[PDB]
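Q: Got a structure here, written out as structure tokens. Questions coming.
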Amino acid sequence: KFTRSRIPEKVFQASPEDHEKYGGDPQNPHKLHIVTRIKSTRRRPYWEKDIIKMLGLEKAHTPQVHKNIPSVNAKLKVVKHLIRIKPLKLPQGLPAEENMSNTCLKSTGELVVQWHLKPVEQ
Amino acid sequence: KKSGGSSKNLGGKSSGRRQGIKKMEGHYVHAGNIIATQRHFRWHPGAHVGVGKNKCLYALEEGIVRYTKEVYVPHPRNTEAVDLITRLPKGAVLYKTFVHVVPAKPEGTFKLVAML
Amino acid sequence: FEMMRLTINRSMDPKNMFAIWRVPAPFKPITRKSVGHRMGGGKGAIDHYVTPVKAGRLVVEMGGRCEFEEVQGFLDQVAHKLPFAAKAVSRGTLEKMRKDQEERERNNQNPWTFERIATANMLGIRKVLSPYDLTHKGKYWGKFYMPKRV
RNA sequence: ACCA
RNA sequence: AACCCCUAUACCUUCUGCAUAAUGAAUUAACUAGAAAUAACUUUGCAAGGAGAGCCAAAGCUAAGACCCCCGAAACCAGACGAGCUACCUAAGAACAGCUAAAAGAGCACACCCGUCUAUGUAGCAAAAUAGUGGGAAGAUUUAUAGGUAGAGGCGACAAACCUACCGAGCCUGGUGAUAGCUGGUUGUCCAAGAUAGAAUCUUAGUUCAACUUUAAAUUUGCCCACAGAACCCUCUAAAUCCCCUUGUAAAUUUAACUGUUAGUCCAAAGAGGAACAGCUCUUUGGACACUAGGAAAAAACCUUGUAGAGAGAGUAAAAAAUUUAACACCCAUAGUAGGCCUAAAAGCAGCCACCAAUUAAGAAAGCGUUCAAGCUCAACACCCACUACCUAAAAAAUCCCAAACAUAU
RNA sequence: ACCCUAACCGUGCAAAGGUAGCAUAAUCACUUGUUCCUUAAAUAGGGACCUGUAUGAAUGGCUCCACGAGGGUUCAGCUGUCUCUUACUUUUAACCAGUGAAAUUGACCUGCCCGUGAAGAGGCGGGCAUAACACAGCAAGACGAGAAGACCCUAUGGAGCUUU
RNA sequence: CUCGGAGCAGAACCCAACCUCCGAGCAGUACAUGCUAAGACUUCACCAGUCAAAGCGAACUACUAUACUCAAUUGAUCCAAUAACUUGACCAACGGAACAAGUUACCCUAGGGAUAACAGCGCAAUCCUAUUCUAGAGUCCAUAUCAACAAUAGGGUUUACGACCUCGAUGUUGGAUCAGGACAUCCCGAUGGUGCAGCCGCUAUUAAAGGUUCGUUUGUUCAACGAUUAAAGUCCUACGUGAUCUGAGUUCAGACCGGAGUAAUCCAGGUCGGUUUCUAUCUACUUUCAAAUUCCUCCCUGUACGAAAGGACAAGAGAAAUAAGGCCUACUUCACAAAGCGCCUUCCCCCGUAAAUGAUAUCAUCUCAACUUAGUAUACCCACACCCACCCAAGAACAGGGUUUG
RNA sequence: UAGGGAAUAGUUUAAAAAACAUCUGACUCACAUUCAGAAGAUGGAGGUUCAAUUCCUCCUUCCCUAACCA
Ligand SMILES: C[NH+](C)c1cc(NC(=O)CNC(C)(C)C)c(O)c2c1C[C@H]1C[C@H]3[C@H]([NH+](C)C)C(O)=C(C(N)=O)C(=O)[C@@]3(O)C(O)=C1C2=O
Ligand SMILES: [K+]
Ligand SMILES: [K+]
Ligand SMILES: [K+]
Ligand SMILES: [K+]
Ligand SMILES: [K+]
Ligand SMILES: [K+]
Ligand SMILES: [K+]
Ligand SMILES: [K+]
Ligand SMILES: [K+]
Ligand SMILES: [K+]
Ligand SMILES: [K+]
Ligand SMILES: [Mg+2]
Ligand SMILES: [Mg+2]
Ligand SMILES: [Mg+2]
Ligand SMILES: [Mg+2]
Ligand SMILES: [Mg+2]
Ligand SMILES: [Mg+2]
Ligand SMILES: [Mg+2]
Ligand SMILES: [Mg+2]
Ligand SMILES: [Mg+2]
Ligand SMILES: [Mg+2]
Ligand SMILES: [Mg+2]
Ligand SMILES: [Mg+2]
Ligand SMILES: [Mg+2]
Ligand SMILES: [Mg+2]
Ligand SMILES: [Mg+2]
Ligand SMILES: [Mg+2]
Ligand SMILES: [Mg+2]
Ligand SMILES: [Mg+2]
Ligand SMILES: [Mg+2]
Ligand SMILES: [Mg+2]
Ligand SMILES: [Mg+2]
Ligand SMILES: [Mg+2]
Ligand SMILES: [Mg+2]
Ligand SMILES: [Mg+2]
Ligand SMILES: [Mg+2]
Ligand SMILES: [Mg+2]
Ligand SMILES: [Mg+2]
Ligand SMILES: [Mg+2]
Ligand SMILES: [Mg+2]
Ligand SMILES: [Mg+2]
Ligand SMILES: [Mg+2]
Ligand SMILES: [Mg+2]
Ligand SMILES: [Mg+2]
Ligand SMILES: [Mg+2]
Ligand SMILES: [Mg+2]
Ligand SMILES: [Mg+2]
Ligand SMILES: [Mg+2]
Ligand SMILES: [Mg+2]
Ligand SMILES: [Mg+2]
Ligand SMILES: [Mg+2]
Ligand SMILES: [Mg+2]
Ligand SMILES: [Mg+2]
Ligand SMILES: [Mg+2]
């Protein structure tokens, strides 16, 4: 009988080697996830279809931002085969009311608060 | 072409009894609420939980349903159970699962009705 | 059993060898229907009995004043005639067989193993796996054992 | 005695 | 640049599923198929009343809008009409050569009547014929005429025959638009929501309730889910579930009003039956299909993928099948003794026990051998390295193999 | 009573216990029985014997003359039935002239091989073939045409017949 | 065929089977098994079913009690009986029509490929084949031959099983006719083994060009039998082929026997009789293609081979048959001709192995080593008038040949 | 293949009896008949029931019927 699957919690216990490959800091976890659906929910059970809708992931290749917290992670764990998860990086800090209209989410996961569409002079 | 046989097993056509817990841990019950149905005693009545003559566990008060593990001491007139405990090794204590209702409200209040 | 017994008793040295069964006698009933019958009409009648055997079980055990070379010949003959894949083994070959499997599981340079993927439901792979595949770890497909799988 |  | 190039499996119906070699359709024109209450809803009027007596009213009530197809049996009954055919009968007629025999349901044989067998013919010459060959031919014969018996019936040398070209019961009209849980039909445009737990049933080709689905209304949680919690008998100590705050989310329930769906397929998984057959049958949990597109050659059910338009832009998804195999030492051999025992005999080698000694070395003998014998290897010695890799071993059907090819440029 | 069978013995049951006949076949377990005829050769036919799942006496039994477009066996002869066909005549045919139907038909620009597929493809995949159009033949396919399968099942569809 | 318990269905609930098992259609105690009423459960609907605080009445001081033990122990409505209380179906097809059976081949209509009989397809238990294993048989000897217990793989000829295409029709068992294909080879060819002296056999490898008889009997396929034969192969092709034929069988209406039924009727039990339509639209095809097979006799030779008995072979020479292709001198049917029963002609190959030399592995070794041997067509057709007409050995029409016979 | 029925002294029938057979005796010259005595079975196994000739369930065994439509 095909059922929902329990994932052993060891699966989500990073090792020292994992930190080297991927470059996260276990002592300073990122606040926000970038989550992208990269796989259909067709040919997947309905309960995964439901969570993809709750996460705002009905359109593929469309980055959603989410909180890196246990409740949300519980959902992301059910559909972790349908998605790409990256940490949101804020090299220039949070957007401010001033630059709310100038942000760009780059493919590297960095949300820049200044978007000039110009070549770097140097 | 070939004459065939017949199955010799009749009966066995009853449908499920739909028995079991009706109120899980932490659930709020009103007096009378059937807490669980059973054919044999899986759950025993505890505090403020009555048992009907079909072993039906029901709430006697209004409040929260609890399930606990308690030591089991039968009634001395229950010959079969008493015969069981008398044959137990010294130091062995029987346990059963009990269900309780923690009453939610007091029985009443004292209110001022007159100043005469 | 008749094939195992007559071949082993005829080929063993009774003075220096003994043989014990490691399987019980047929105990599982097997039903068959009358020839030419259609589907239906109740289950058929008990026809014969069998003994279930799982992979990794010893079927017959020998010992005595002999080496492995002395028995390996005709134990391989009886094993080749069994309804499943079987092999004559020794106290020593069995152990190295198990050391080699554990050695392979350790020096395997493939970062992807069946177990890792299937336990984490990676790729939603459990939609094509059995629940039993969580413990068989890709080494079993029905009644077949694959000793190459790690 | 034996309708439903 | 008409064609050549590339892409492309008519349509309707019916189905689990149709290019299907399943249905229907030559084509054109014309004709040819959703009829209405109950309640509800919407929009007016008046309003504790409404209404042009009757009837409703605890915001009703009046009015209006808006709603439920077509063709088709075999039958059943009533009243007529039919015996110019045919069945049988009545009245009164007619025909039957020749030959044989002569008592004549005799023979042969025409006219005549019939229809055995063969062929022909099969929308014919013919809705039963033609040619030949046949049976009978003074008889229970054949035949003209008029009349009789009528369908719940007649008539019958019973074949259920015949009764006006289909008689297990005629024909016609009417009842009658018979009835059909069955098949076939069902007509302008555009958008939207929308796939199916079960129960009962003279019921399983259908219905009704539930379930799902639709519309409108109301107001409030729904879904996802943390601990804590849900059994002993006794474990295949299963994957899981139930409950459930947070959280992520936007649904959910209730009220009113309905119809349709209640003949299901493959795939994965847990089982059951069968043969651990089936494109088999039955339950369950998922998925897909019956909805697009791209893959897997064509391809319902596997993989990728969903929301709709235009573009002579762009990044991608799934997505191409790998493998090649069996060589193998060379030499050398005397001796207590044919060890006893057993056995007719057994001498390494029937079977029994024991298995010690000679020489650097050769088993009271591993395989073959015979007459129990003798013989031939192997295990020893001597010379001195044989090369030994690693596990291994297969194939045949029926119209005609089946893309072409290719080991080499990052 | 070797076996076979039982004149015979015991017991029971019925209204009576199948008599006379007849029986390898309109009849048939074994079975193509067995034997005698018949042929070179018989699962045929004839005569017998065995004896009857389930032969049998006006539901007539058993013989027999005559008779029969009845079913079957056969001698002799006869012959294109056949070995094994051939020749010719007429008809039909084909060509010219006149007259002029039918069933059928979704549309068709209507190949072959293998594979696939609602499991048997002109039409799909992969190959191969390939200027165009008359006429005469053929019948392998078009699951060719014809008649809403007479089989089988289903329908709370009919009807005929028969009954305790 | 209704109702309960257990498994399937392991842990909330639910869950099918002409699935696996076991049970119930009551007994017993009471006589408050009296009244009443919050709140609940519920067999997936409904109906029905279930549990219960408080209260009223009772009972009452040591499991009992305002709801007995017990698992099911059961039946709606109408109606009937009764003063009332209350009672009534093995209505068991158990959600129950108030009360109705057979038979149809004399049949009919509506449908269904939702469902059987034929064929196809799936499958391969059953069938068939191969290999693996070494018991066993074979005097000895496992392997010349033959094989148990098993094991593995294949085939798709049987008997089934499934119910996926066709019930607005895919009609036909055997035979005739014409045969296409497989090779698992019956015969003919080439090999290896042999318990192969020879003659015959047996077994295996290779080979599908060519061939594979006529009768008696049965409707028969099957088989038996008589004669043969080099041999009388196994299979598939919608059990090849019925718009080509046949129709004995088969299977509608008639009838008979035995049996079954009260009878109507019925019986893979016998028996006799019983309508086989089609003018071809499309596809396909209509002179592939002139290379030939086999037996027998003589001879080798009474040789080889054998103690004898017997008794051959790659040669050599004849004479046939069949199969192709022609032809008419004679014969025959005939007669300006067409024919057969007559005559004439007919031409290569094939591979399994067996051996040299010879390395890897300084011997050997036929070699998926390099290598050397056995051991790889021709013929026919072929130039192009008028295209008046006539003639023809040419011909359906058309075309072709002849006319220096217009 | 599928359902039903039936297994009682050695025999055949009953509901644990009877007639035979057997055994013992008497009668007879002897035998038979006859007479008088005697023994003699619930197919096996598995149950329940207060008690198993009517009841199980199975085995073993024999019978009967059905095995049809294309
Ligand atoms: C299978 N048995 C029951 C049987 C069957 C048939 N025939 C059929 O079943 C035919 N079936 C069809 C109708 C074809 C479907 C049968 O025809 C027969 C028989 C039984 C035998 C008995 C024979 C027996 N002997 C001689 C061997 C015997 O002793 C008797 C007797 N009466 O005692 C016989 O009569 C016997 O010879 C016989 O006639 C039998 C059958 O006829
Ligand atoms: K088709
Ligand atoms: K179809
Ligand atoms: K059709
Ligand atoms: K239809
Ligand atoms: K119906
Ligand atoms: K006869
Ligand atoms: K005879
Ligand atoms: K006659
Ligand atoms: K044709
Ligand atoms: K059909
Ligand atoms: K006919
Ligand atoms: Mg269908
Ligand atoms: Mg069509
Ligand atoms: Mg149809
Ligand atoms: Mg048509
Ligand atoms: Mg009536
Ligand atoms: Mg006459
Ligand atoms: Mg008459
Ligand atoms: Mg009659
Ligand atoms: Mg009749
Ligand atoms: Mg008429
Ligand atoms: Mg009806
Ligand atoms: Mg299926
Ligand atoms: Mg008699
Ligand atoms: Mg006779
Ligand atoms: Mg008979
Ligand atoms: Mg008989
Ligand atoms: Mg009689
Ligand atoms: Mg009578
Ligand atoms: Mg007379
Ligand atoms: Mg007459
Ligand atoms: Mg006659
Ligand atoms: Mg004659
Ligand atoms: Mg056809
Ligand atoms: Mg047709
Ligand atoms: Mg029809
Ligand atoms: Mg009716
Ligand atoms: Mg009626
Ligand atoms: Mg008849
Ligand atoms: Mg009909
Ligand atoms: Mg079908
Ligand atoms: Mg079939
Ligand atoms: Mg077909
Ligand atoms: Mg086949
Ligand atoms: Mg099915
Ligand atoms: Mg049709
Ligand atoms: Mg052929
Ligand atoms: Mg055929
Ligand atoms: Mg008829
Ligand atoms: Mg009679
Ligand atoms: Mg009769
Ligand atoms: Mg006739
Ligand atoms: Mg006939
Ligand atoms: Mg024709």
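Following the order of the structure tokens, first chain is A, next is B, and so on, with residues numbered from 1 inside each chain and ligands from 1 in the order they appear.
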Using the chain letters and numbers from this document, which residues of chain C does DSSP assign to alpha helix (DSSP H), as an NGL selection string?

A: :C and (2-11 or 68-80 or 91-107 or 114-119 or 133-136)

Q: Show me which residues are within 7 Å of ligand 40 counting only C-alpha atoms (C1' of nucleotides) and all ligand atoms, and format the list as a ChimeraX atom specification.

A: /G:105,253-254

Q: Please provide as a PDB file with N, CA, C and O atoms, in the first residue's frame all residues within 7 Å of region 78-81 of chain A, with the sequence filter that same-chain residues fewer than 4 positions apart are discarded (counting only C-alpha atoms (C1' of nucleotides)).

A:
```pdb
ATOM      1  N   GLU A  48       0.614  15.720  -1.623  1.00  0.00           N
ATOM      2  CA  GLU A  48       1.682  16.586  -2.104  1.00  0.00           C
ATOM      3  C   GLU A  48       1.133  17.708  -2.979  1.00  0.00           C
ATOM      4  O   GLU A  48       1.620  18.837  -2.911  1.00  0.00           O
ATOM      5  N   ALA A  74       8.352  21.508   8.095  1.00  0.00           N
ATOM      6  CA  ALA A  74       7.539  20.303   8.054  1.00  0.00           C
ATOM      7  C   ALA A  74       6.843  20.146   6.707  1.00  0.00           C
ATOM      8  O   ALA A  74       6.741  19.032   6.185  1.00  0.00           O
TER       9      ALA A  74
ATOM     10  N   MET C 122      13.800  10.038  -1.380  1.00  0.00           N
ATOM     11  CA  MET C 122      14.383  10.968  -2.330  1.00  0.00           C
ATOM     12  C   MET C 122      13.779  10.721  -3.701  1.00  0.00           C
ATOM     13  O   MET C 122      13.526   9.580  -4.081  1.00  0.00           O
ATOM     14  N   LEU C 123      13.514  11.798  -4.431  1.00  0.00           N
ATOM     15  CA  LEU C 123      12.856  11.727  -5.726  1.00  0.00           C
ATOM     16  C   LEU C 123      11.428  11.200  -5.614  1.00  0.00           C
ATOM     17  O   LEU C 123      10.844  10.788  -6.610  1.00  0.00           O
ATOM     18  N   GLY C 124      10.845  11.223  -4.421  1.00  0.00           N
ATOM     19  CA  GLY C 124       9.585  10.523  -4.208  1.00  0.00           C
ATOM     20  C   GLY C 124       9.644   9.090  -4.679  1.00  0.00           C
ATOM     21  O   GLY C 124       8.686   8.590  -5.277  1.00  0.00           O
TER      22      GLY C 124
END
```

Q: Could you give me, as a list in words, every polymer residue with an atom at most 9 Å away from an atom of ligand 22, counting only C-alpha atoms (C1' of nucleotides) and all ligand atoms?

A: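 The residues within 9 Å of ligand 22, counting only C-alpha atoms (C1' of nucleotides) and all ligand atoms, are residues 163, 164, 165, 166, 167, 170 and 171 of chain E.
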
Q: Got a sec to check which residues lie within 8 Å of ligand 11, using only C-alpha atoms (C1' of nucleotides) and all ligand atoms, and send them as a PDB file with N, CA, C and O atoms (P, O5', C5', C4', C3', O3' and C1' of nucleotides), in the first residue's frame?

A:
```pdb
ATOM      1  P     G F 149     -30.832  -8.983 -36.608  1.00  0.00           P
ATOM      2  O5'   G F 149     -30.002 -10.022 -37.482  1.00  0.00           O
ATOM      3  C5'   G F 149     -28.860 -10.693 -36.982  1.00  0.00           C
ATOM      4  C4'   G F 149     -29.165 -12.143 -36.732  1.00  0.00           C
ATOM      5  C3'   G F 149     -29.687 -12.449 -35.332  1.00  0.00           C
ATOM      6  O3'   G F 149     -30.550 -13.582 -35.403  1.00  0.00           O
ATOM      7  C1'   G F 149     -27.689 -13.620 -35.684  1.00  0.00           C
TER       8        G F 149
ATOM      9  P     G G 113     -22.779  -4.329 -27.201  1.00  0.00           P
ATOM     10  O5'   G G 113     -21.535  -5.024 -27.902  1.00  0.00           O
ATOM     11  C5'   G G 113     -21.614  -6.333 -28.443  1.00  0.00           C
ATOM     12  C4'   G G 113     -20.740  -7.300 -27.685  1.00  0.00           C
ATOM     13  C3'   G G 113     -19.236  -7.023 -27.737  1.00  0.00           C
ATOM     14  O3'   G G 113     -18.640  -7.491 -26.536  1.00  0.00           O
ATOM     15  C1'   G G 113     -19.638  -9.160 -28.534  1.00  0.00           C
ATOM     16  P     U G 166     -16.321  -4.970 -30.759  1.00  0.00           P
ATOM     17  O5'   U G 166     -16.509  -5.826 -32.071  1.00  0.00           O
ATOM     18  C5'   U G 166     -17.712  -5.856 -32.780  1.00  0.00           C
ATOM     19  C4'   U G 166     -17.616  -6.883 -33.857  1.00  0.00           C
ATOM     20  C3'   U G 166     -18.748  -7.883 -33.900  1.00  0.00           C
ATOM     21  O3'   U G 166     -19.888  -7.367 -34.565  1.00  0.00           O
ATOM     22  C1'   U G 166     -16.664  -9.005 -34.101  1.00  0.00           C
ATOM     23  P     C G 167     -21.169  -6.892 -33.738  1.00  0.00           P
ATOM     24  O5'   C G 167     -21.882  -8.245 -33.342  1.00  0.00           O
ATOM     25  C5'   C G 167     -22.254  -9.183 -34.327  1.00  0.00           C
ATOM     26  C4'   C G 167     -23.421 -10.011 -33.871  1.00  0.00           C
ATOM     27  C3'   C G 167     -24.589  -9.242 -33.279  1.00  0.00           C
ATOM     28  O3'   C G 167     -25.529  -8.966 -34.292  1.00  0.00           O
ATOM     29  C1'   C G 167     -24.101 -11.249 -32.041  1.00  0.00           C
ATOM     30  P     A G 169     -23.850  -6.852 -39.461  1.00  0.00           P
ATOM     31  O5'   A G 169     -23.701  -7.779 -38.173  1.00  0.00           O
ATOM     32  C5'   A G 169     -24.227  -9.094 -38.131  1.00  0.00           C
ATOM     33  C4'   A G 169     -23.133 -10.122 -38.168  1.00  0.00           C
ATOM     34  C3'   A G 169     -22.434 -10.275 -39.511  1.00  0.00           C
ATOM     35  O3'   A G 169     -21.107 -10.725 -39.319  1.00  0.00           O
ATOM     36  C1'   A G 169     -23.564 -12.276 -38.987  1.00  0.00           C
ATOM     37  P     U G 170     -19.971  -9.738 -38.794  1.00  0.00           P
ATOM     38  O5'   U G 170     -18.658 -10.574 -39.077  1.00  0.00           O
ATOM     39  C5'   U G 170     -17.898 -10.390 -40.253  1.00  0.00           C
ATOM     40  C4'   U G 170     -16.902 -11.506 -40.406  1.00  0.00           C
ATOM     41  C3'   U G 170     -17.465 -12.916 -40.407  1.00  0.00           C
ATOM     42  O3'   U G 170     -17.980 -13.318 -41.659  1.00  0.00           O
ATOM     43  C1'   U G 170     -15.722 -12.816 -38.854  1.00  0.00           C
TER      44        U G 170
END
```

Q: Among chain B, which ones does DSSP place in strand (DSSP E or B), written as a VMD selection string?

A: chain B and resid 20 to 21 28 to 29 34 to 37 44 to 45 49 to 51 57 to 59 63 to 71 95 to 103

Q: Using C1' of residue 282 (chain E) and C1' of residue 2 (chain H) as the two end points, give the distance in Å to one decimal.

A: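 Those two atoms sit 25.3 Å apart.
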
Q: Give the residues close to ligand 27, within 10 Å, counting only C-alpha atoms (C1' of nucleotides) and all ligand atoms; write them as a VMD selection string.

A: (chain F and resid 27 to 30 53 to 54) or (chain G and resid 258 269 to 270)

Q: Using N, CA and C atoms (P, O5', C5', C4', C3', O3' and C1' of nucleotides), can you write the selected residues to a file as a PDB file, in the first residue's frame?

A:
```pdb
ATOM      1  P     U F  27     -29.413 -48.596 -35.596  1.00  0.00           P
ATOM      2  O5'   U F  27     -29.973 -48.948 -34.151  1.00  0.00           O
ATOM      3  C5'   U F  27     -30.455 -47.932 -33.283  1.00  0.00           C
ATOM      4  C4'   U F  27     -30.815 -48.484 -31.932  1.00  0.00           C
ATOM      5  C3'   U F  27     -29.703 -49.249 -31.217  1.00  0.00           C
ATOM      6  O3'   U F  27     -29.851 -49.096 -29.807  1.00  0.00           O
ATOM      7  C1'   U F  27     -31.533 -50.669 -31.524  1.00  0.00           C
ATOM      8  P     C F  28     -28.712 -48.405 -28.924  1.00  0.00           P
ATOM      9  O5'   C F  28     -27.433 -49.318 -29.145  1.00  0.00           O
ATOM     10  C5'   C F  28     -27.193 -50.472 -28.351  1.00  0.00           C
ATOM     11  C4'   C F  28     -25.797 -50.990 -28.573  1.00  0.00           C
ATOM     12  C3'   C F  28     -24.696 -49.950 -28.415  1.00  0.00           C
ATOM     13  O3'   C F  28     -23.492 -50.589 -28.004  1.00  0.00           O
ATOM     14  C1'   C F  28     -24.677 -50.750 -30.612  1.00  0.00           C
ATOM     15  P     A F  29     -23.202 -50.888 -26.459  1.00  0.00           P
ATOM     16  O5'   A F  29     -21.928 -49.996 -26.136  1.00  0.00           O
ATOM     17  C5'   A F  29     -22.045 -48.602 -25.897  1.00  0.00           C
ATOM     18  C4'   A F  29     -21.187 -48.189 -24.734  1.00  0.00           C
ATOM     19  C3'   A F  29     -19.766 -48.724 -24.762  1.00  0.00           C
ATOM     20  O3'   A F  29     -18.905 -47.919 -25.543  1.00  0.00           O
ATOM     21  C1'   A F  29     -20.719 -49.160 -22.651  1.00  0.00           C
ATOM     22  P     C F  30     -17.794 -48.601 -26.468  1.00  0.00           P
ATOM     23  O5'   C F  30     -16.655 -48.995 -25.434  1.00  0.00           O
ATOM     24  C5'   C F  30     -15.623 -49.888 -25.800  1.00  0.00           C
ATOM     25  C4'   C F  30     -15.390 -50.917 -24.729  1.00  0.00           C
ATOM     26  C3'   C F  30     -14.947 -52.281 -25.227  1.00  0.00           C
ATOM     27  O3'   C F  30     -13.559 -52.328 -25.501  1.00  0.00           O
ATOM     28  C1'   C F  30     -16.695 -52.547 -23.661  1.00  0.00           C
ATOM     29  P     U F  53     -28.537 -53.656 -22.218  1.00  0.00           P
ATOM     30  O5'   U F  53     -28.621 -52.950 -20.795  1.00  0.00           O
ATOM     31  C5'   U F  53     -28.012 -53.522 -19.649  1.00  0.00           C
ATOM     32  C4'   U F  53     -27.629 -52.467 -18.640  1.00  0.00           C
ATOM     33  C3'   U F  53     -28.750 -51.569 -18.149  1.00  0.00           C
ATOM     34  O3'   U F  53     -29.504 -52.178 -17.118  1.00  0.00           O
ATOM     35  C1'   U F  53     -26.850 -50.258 -18.697  1.00  0.00           C
ATOM     36  P     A F  54     -31.051 -51.815 -16.897  1.00  0.00           P
ATOM     37  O5'   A F  54     -31.745 -52.157 -18.283  1.00  0.00           O
ATOM     38  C5'   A F  54     -33.137 -51.937 -18.467  1.00  0.00           C
ATOM     39  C4'   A F  54     -33.450 -51.525 -19.880  1.00  0.00           C
ATOM     40  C3'   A F  54     -32.586 -52.185 -20.945  1.00  0.00           C
ATOM     41  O3'   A F  54     -33.359 -52.417 -22.114  1.00  0.00           O
ATOM     42  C1'   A F  54     -32.318 -49.839 -21.048  1.00  0.00           C
TER      43        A F  54
ATOM     44  P     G G 258     -38.834 -49.008 -28.007  1.00  0.00           P
ATOM     45  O5'   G G 258     -37.723 -48.871 -26.876  1.00  0.00           O
ATOM     46  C5'   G G 258     -36.665 -49.805 -26.747  1.00  0.00           C
ATOM     47  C4'   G G 258     -35.465 -49.196 -26.070  1.00  0.00           C
ATOM     48  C3'   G G 258     -35.727 -48.332 -24.850  1.00  0.00           C
ATOM     49  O3'   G G 258     -35.998 -49.068 -23.670  1.00  0.00           O
ATOM     50  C1'   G G 258     -34.222 -47.223 -26.260  1.00  0.00           C
ATOM     51  P     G G 269     -23.122 -38.766 -25.306  1.00  0.00           P
ATOM     52  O5'   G G 269     -24.685 -39.050 -25.430  1.00  0.00           O
ATOM     53  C5'   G G 269     -25.325 -39.096 -26.696  1.00  0.00           C
ATOM     54  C4'   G G 269     -25.549 -40.512 -27.155  1.00  0.00           C
ATOM     55  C3'   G G 269     -25.811 -40.678 -28.635  1.00  0.00           C
ATOM     56  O3'   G G 269     -24.635 -40.615 -29.408  1.00  0.00           O
ATOM     57  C1'   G G 269     -27.382 -41.947 -27.427  1.00  0.00           C
ATOM     58  P     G G 270     -24.735 -40.609 -31.002  1.00  0.00           P
ATOM     59  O5'   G G 270     -25.089 -42.118 -31.328  1.00  0.00           O
ATOM     60  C5'   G G 270     -25.430 -42.487 -32.639  1.00  0.00           C
ATOM     61  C4'   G G 270     -26.262 -43.734 -32.695  1.00  0.00           C
ATOM     62  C3'   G G 270     -27.095 -43.829 -33.949  1.00  0.00           C
ATOM     63  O3'   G G 270     -26.346 -44.262 -35.059  1.00  0.00           O
ATOM     64  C1'   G G 270     -28.465 -44.260 -32.102  1.00  0.00           C
TER      65        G G 270
END
```

Q: Please return, as number ranges by chain, all residues of chain B lying within 7 Å of chain C when only C-alpha atoms are considered.

A: B: 2, 4-7

Q: Check which residues fall inside 12 Å of ligand 17 when counting only C-alpha atoms (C1' of nucleotides) and all ligand atoms, and print them as a list in words.

A: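 Taking only C-alpha atoms (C1' of nucleotides) and all ligand atoms into account, the residues around ligand 17 at most 12 Å away are residues 75, 76 and 77 of chain E.
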
Q: Would you tabulate, counting only C-alpha atoms (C1' of nucleotides), all residues of chain E that have an atom at most 6 Å from an atom of chain B, showing the closest pair of atoms and their distance in Å to one decimal, sorted by chain then ascending number, as JSON lines?

A:
```
{"residue": "E:229", "atom": "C1'", "partner": "B:25", "partner_atom": "CA", "distance": 4.9}
{"residue": "E:231", "atom": "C1'", "partner": "B:42", "partner_atom": "CA", "distance": 5.1}
{"residue": "E:243", "atom": "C1'", "partner": "B:24", "partner_atom": "CA", "distance": 5.8}
```

Q: Keeping C-alpha atoms (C1' of nucleotides) for every residue in the selection just given, could you write it to a file as a PDB file, in the first residue's frame?

A:
```pdb
ATOM      1  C1'   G E 229      -2.861  10.183  24.024  1.00  0.00           C
ATOM      2  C1'   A E 231      -5.064  -3.380  24.454  1.00  0.00           C
ATOM      3  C1'   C E 243      -6.382  12.692  17.394  1.00  0.00           C
TER       4        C E 243
END
```

Q: Taking only C-alpha atoms (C1' of nucleotides) and all ligand atoms and a cut-off of 8 Å, can you tell me which residues surround ligand 42, written as a PyMOL selection string?

A: chain G and resi 113-115+163-165

Q: Would you kindly return, as a PyMOL selection string, each protein, DNA or RNA residue with an atom no farther than 12 Å from any atom of residue 401 (chain E), considering only C-alpha atoms (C1' of nucleotides) and excluding same-chain residues fewer than 6 positions away?

A: chain F and resi 113-114+127
